[PDB]
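Peer 1: Fold the following and give me the result.
(chains A and B, ligands or ions: 6)
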Protein chains: 2
Amino acid sequence: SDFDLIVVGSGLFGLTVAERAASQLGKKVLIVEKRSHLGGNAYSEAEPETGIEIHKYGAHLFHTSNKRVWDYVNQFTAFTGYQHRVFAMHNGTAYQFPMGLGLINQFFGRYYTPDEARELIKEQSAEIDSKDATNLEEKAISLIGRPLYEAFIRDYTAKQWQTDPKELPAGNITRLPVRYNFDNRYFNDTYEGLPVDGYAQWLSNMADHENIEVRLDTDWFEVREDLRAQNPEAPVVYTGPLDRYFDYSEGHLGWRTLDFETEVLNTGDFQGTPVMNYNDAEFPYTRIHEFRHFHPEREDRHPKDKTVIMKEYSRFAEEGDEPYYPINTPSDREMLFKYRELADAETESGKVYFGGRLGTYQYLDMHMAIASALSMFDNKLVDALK
Amino acid sequence: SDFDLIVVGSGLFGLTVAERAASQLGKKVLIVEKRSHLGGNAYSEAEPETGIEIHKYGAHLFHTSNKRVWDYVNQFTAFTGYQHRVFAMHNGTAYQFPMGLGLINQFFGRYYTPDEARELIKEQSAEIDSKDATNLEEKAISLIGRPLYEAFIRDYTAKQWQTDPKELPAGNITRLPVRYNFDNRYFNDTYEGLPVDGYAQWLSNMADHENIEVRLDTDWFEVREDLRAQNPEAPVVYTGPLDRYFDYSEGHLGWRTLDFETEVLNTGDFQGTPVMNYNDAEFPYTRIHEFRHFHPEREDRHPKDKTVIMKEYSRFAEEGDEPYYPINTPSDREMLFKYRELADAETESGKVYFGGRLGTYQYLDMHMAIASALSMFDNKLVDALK
Ligand SMILES: Cc1cc2c(cc1C)N(C[C@H](O)[C@H](O)[C@H](O)COP(=O)(O)OP(=O)(O)OC[C@H]1O[C@@H](n3cnc4c(N)ncnc43)[C@H](O)[C@@H]1O)c1[nH]c(=O)[nH]c(=O)c1N2
Ligand SMILES: Cc1cc2c(cc1C)N(C[C@H](O)[C@H](O)[C@H](O)COP(=O)(O)OP(=O)(O)OC[C@H]1O[C@@H](n3cnc4c(N)ncnc43)[C@H](O)[C@@H]1O)c1[nH]c(=O)[nH]c(=O)c1N2
Ligand SMILES: CC(=O)N[C@H]1[C@@H](OP(=O)(O)OP(=O)(O)OC[C@H]2O[C@@H](n3ccc(=O)[nH]c3=O)[C@H](O)[C@@H]2O)O[C@H](CO)[C@@H](O)[C@@H]1O
Ligand SMILES: CC(=O)N[C@H]1[C@@H](OP(=O)(O)OP(=O)(O)OC[C@H]2O[C@@H](n3ccc(=O)[nH]c3=O)[C@H](O)[C@@H]2O)O[C@H](CO)[C@@H](O)[C@@H]1O
Ligand code: NA
Ligand code: NA
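Peer 2: Numbers count the residues shown, from 1 in each chain, chains lettered A, B, ... in the order given. Ligands and ions are numbered 1, 2, ... in the order given. Dropping the coordinates below:
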């Protein structure tokens, strides 16, 4: 045959399945991508004026504690030593973030020792006992007290979800969001970096294999009947939207979406940090990304007096809008379960496997998506191709 | 012969010369060390109560941009991903440090953009033009203005050197000590970490070679005549004090020294950070080290409710006191030049080479000492052993 496996979508999930089928099983793999770009939502391109790499489906920071995933991805790209750090803008002051001795000092007026800060939090937060909390405002106040909650969580949360926290589920905060030290590494994982030649280069390296064919600008649903006819017993890994597959015959799954306002400013440095969170209602956006700071090892390939920034706005998805974060109304988790049994059946009668962010209505970190793909490869696909 | 080379001192300089002679030239090397420990001032041992590694001749942070040095030392030890960060304690508040947008925000009341902060510094510092500065207070004020200088440099400098900055040389500040971003990595070098199994283990690995013999608790000056008699044409690399070699016959070289007050506290976390600078006169010490934070990858080999800390005090050296930092009175740089010509002669008539921190009256970072030793090996010693 001309191909042995069809993969719909060229994000990390698709690409991982493809590469494994190509290099481990030696099978011919055809990848079908709707967009014009390879790589799915992880994709990055250079802003044309300045040459600075930007991620146009949200900022992507790579971090994992999963050694298997880590060793795997280093086959296709090297990573930088970048460590993510975030600052939080509130009443005209940039606060160290997340909440630790750093933020505590700045906010409450003076230095607190680690022990002094445990006690400070104990008092602030005793207003509400945690097991007796009904909504999100309460749950949070119950863990860190009102002053911190109202300055750093309330407006920020309300912007991300377009809703008063009192109207939000208590189960959304699960651990204490405070560190009793000055460690402001944003992520606690073992391995962390950015792809040295950018994301596009990395994703593209995954598809660079003699056994892999890629057709950009191709909707699966326009070509599926043609292609499966060329080899009826070739299996399909579908990573597109789960509901759209079954023609929304159980109702539309509900997504939160993001609008990205991208400007080129005539300064070399707009905020001297990669990401600045804005925690006050006065500002429409949740945060501002300044992409040159994601790659400071490039400062002599970057414009001296220009910089690209990008403000992030949050809201709900009308159709046409990109799906980003699953909403998970319980009404949503409902039409999900019914779709999972549609998929399972479809898998058993049509050899069509469902994976990835869109295909399973699940949020996945990159390393999680890659691990999920490696799982499906070993556990379902190796048998399917014998 | 029983040995081909004699090395006095087992610090990084000595050890580097020894290891190179042993492994590259195949020569037998005898190392003579006055102390009971191997490793010189880089040495670390476990505090006995808690098991936490402490460095008992000052905190040692390893950092270099010298790839050759870096590749070399990784032969004897692996390094952690530790990145050094420092905070500065002033009027009961822990300030982000060194001076950047972080400290500027906290000190002046609100956030300044990178451009806004260049302008802020331009105004504060225009009180004095830099070329017209006479002492250290002026030079500093000339670069960052009085408010910053008086809050973060004056008392701190005065403690380190026991002297009013107005009585200190203007040439001691050479670049602008401010960053116009939020990057608070303390060091700007390419490679940085701490030896994974501690310093003792690393230094000891350098001397672990079939061709190297080590005699601890041995003063060179008590055994030199005996040893050189066993093989008169074996060369000597001396890394002891330069003046003491020539019986202070040109006067005593002047050193600054350090006293180290080490306590074991009954808490698991005293300040939630490795190093806290104290910038106010109210406090005798320049800073407090809390050693568990140097190695957080060990948190499950560390006491849960005990921690070792160590306050650092500065002053001048009486004899008996350890030499740490060269003072360099011009009266000092004077008796130096005369000692260099004593050494050169002694090198030519006695095959006795002078290197390292003490032997050259020079301050050396670890990587600088190692590079200086590798230099002397290739350029002077390879010939000397043929
Ligand atoms: C805003 C935001 C920010 C981040 C992140 C997500 C989001 C939403 N990510 C997560 C990351 O985006 C995620 O892990 C990957 O997108 C998952 O890759 P998938 O293959 O599962 O889907 P993905 O969406 O990437 O790929 C699906 C592909 O299928 C294509 N397709 C869809 N329908 C099709 C059809 N009918 N026919 C053909 N092609 C079709 C799409 O065009 C797309 O190329 C992240 N993770 C992390 O670890 N760190 C981070 O910092 C971030 N940042
Ligand atoms: C307070 C402080 C703090 C730091 C540092 C220095 C100081 C003073 N260092 C620098 C580091 O200490 C330095 O690079 C090494 O000590 C240099 O090693 P040497 O071999 O040159 O001398 P070093 O002093 O280490 O070795 C000399 C050896 O010779 C022995 N000796 C002397 N006289 C003798 C005699 N008569 N007979 C026999 N043996 C004799 C001594 O006992 C000693 O073991 C540092 N660097 C860095 O890169 N990062 C850091 O963070 C620090 N921190
Ligand atoms: C809850 C959720 O889906 N979190 C995701 C989010 O985290 P990410 O690190 O991007 O952080 P967010 O800005 O989305 O914060 C998540 C939540 O934390 C709270 N918050 C956060 C920051 C702040 O300044 N103030 C504040 O209150 C809010 O309730 C907010 O809804 O994106 C990551 C990368 O795409 C994902 O790995 C996470 O799973
Ligand atoms: C001038 C000098 O010998 N510096 C050494 C010092 O730097 P190190 O990083 O240890 O910094 P220090 O605390 O010794 O500061 C050096 C000087 O900077 C100024 N200062 C520093 C910190 C602060 O909070 N406020 C302030 O004003 C003072 O004038 C001080 O004398 O030890 C390092 C490691 O042992 C050496 O690599 C450096 O060469
Ligand atoms: Na509580
Ligand atoms: Na000036």
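Peer 1: Buried residues, stretch A:67-85. List them.
Peer 2: A:69-70, A:72-73, A:76-77, A:79-80, A:82-85 (16 or more other C-beta atoms under 10 Å in any protein chain shown). No exception for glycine: its C-beta is placed from N, CA and C like everyone else's.
Peer 1: doesn't residue A:233 make contact with residue A:384?
Peer 2: No - using C-beta atoms under 8 Å, residue A:384 is not in contact with residue A:233, being 9.9 Å away.
Peer 1: and for the two, which residues touch both?
Peer 2: Common neighbours of residue A:384 and residue A:233, using C-beta atoms under 8 Å, 6 or more residues apart in numbering or on different chains, are residue A:351.
Peer 1: Backbone dihedrals for residue A:25, please?
Peer 2: With angles defined as degrees, to the nearest 10, residue A:25 sits at phi -100, psi -10.
Peer 1: returning to what we had before: the more surrounded of residue A:384 and residue A:233?
Peer 2: residue A:384 (18 against 10; other C-beta atoms under 10 Å in any protein chain shown).
Peer 1: residue contacts, the more buried one?
Peer 2: Neighbouring residues of residue A:384 by C-beta under 8 Å, 6+ apart: A:235, A:351, A:353.
Peer 1: what's the neighbour count on the nearest residue to the second one once chain neighbours are set aside?
Peer 2: The reference is to residue A:351. Setting aside the residues directly before and after it, residue A:351 is nearest to residue A:235 in space (C-beta to C-beta, 6 or more residues apart in numbering or on different chains), at 4.2 Å. By other C-beta under 10 Å, 21 other residues sit near residue A:235.
Peer 1: SS state for the closest residue to ligand 3 within the stretch 251-386 of chain A?
Peer 2: Of all residues in the stretch 251-386 of chain A, residue A:277 sits closest to ligand 3, at 4.2 Å by C-beta to the nearest ligand atom. Following DSSP: H, G, I helix; E, B strand; the rest coil, residue A:277 is assigned to strand.
Peer 1: I figured it hits residue A:87, correct?
Peer 2: Yes - with contacts counted by C-beta under 8 Å, residue A:277 reaches residue A:87, the gap being 6.9 Å.
Peer 1: These two: who's more crowded?
Peer 2: Shown here are residue A:277 and residue A:87; by other C-beta under 10 Å, residue A:87 has more neighbours (26 against 20).
Peer 1: Is it correct that the more buried one falls within a strand?
Peer 2: Yes - under three-state DSSP, residue A:87 falls within a strand.
Peer 1: Now for it: which residues touch it?
Peer 2: Residue A:87 sits in contact with A:94-97, A:273, A:275-277, B:182, where contact means C-beta under 8 Å, 6+ apart.
Peer 1: bridging residues for it?
Peer 2: Beta-bridge partners recorded for residue A:87 (DSSP bridges): residue A:96, residue A:276.
Peer 1: any idea how far residue A:60 is from the residue in the stretch 101-250 of chain A that ligand 1 sits nearest to?
Peer 2: Residue nearest to ligand 1 within the stretch 101-250 of chain A: residue A:240 (3.1 Å; C-beta to the nearest ligand atom). Per C-beta to C-beta, to the nearest Å, residue A:240 is found 20 Å from residue A:60.
Peer 1: Pick out whichever of these two has more residues nearby.
Peer 2: residue A:240 (21 against 16).
Peer 1: Contact partners for the more buried one?
Peer 2: A:8-9, A:34, A:220, A:358-359.
Peer 1: quick revisit: distance to ligand 6 added to the contacts of residue A:87, as TSV?
Peer 2: Listed next are the contacts of residue A:87 as TSV, based on distance: C-beta to the ion, whole Å:
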residue	distance to ligand 6
A:94	26
A:95	31
A:96	30
A:97	34
A:273	27
A:275	34
A:276	30
A:277	35
B:182	24
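Peer 1: can you list those in JSON lines and add distance to ligand 1?
Peer 2: Listed next are the contacts of residue A:87 as JSON lines, based on distance: C-beta to the nearest ligand atom, whole Å:
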{"residue": "A:94", "distance to ligand 1": "21"}
{"residue": "A:95", "distance to ligand 1": "21"}
{"residue": "A:96", "distance to ligand 1": "20"}
{"residue": "A:97", "distance to ligand 1": "16"}
{"residue": "A:273", "distance to ligand 1": "16"}
{"residue": "A:275", "distance to ligand 1": "10"}
{"residue": "A:276", "distance to ligand 1": "16"}
{"residue": "A:277", "distance to ligand 1": "14"}
{"residue": "B:182", "distance to ligand 1": "19"}
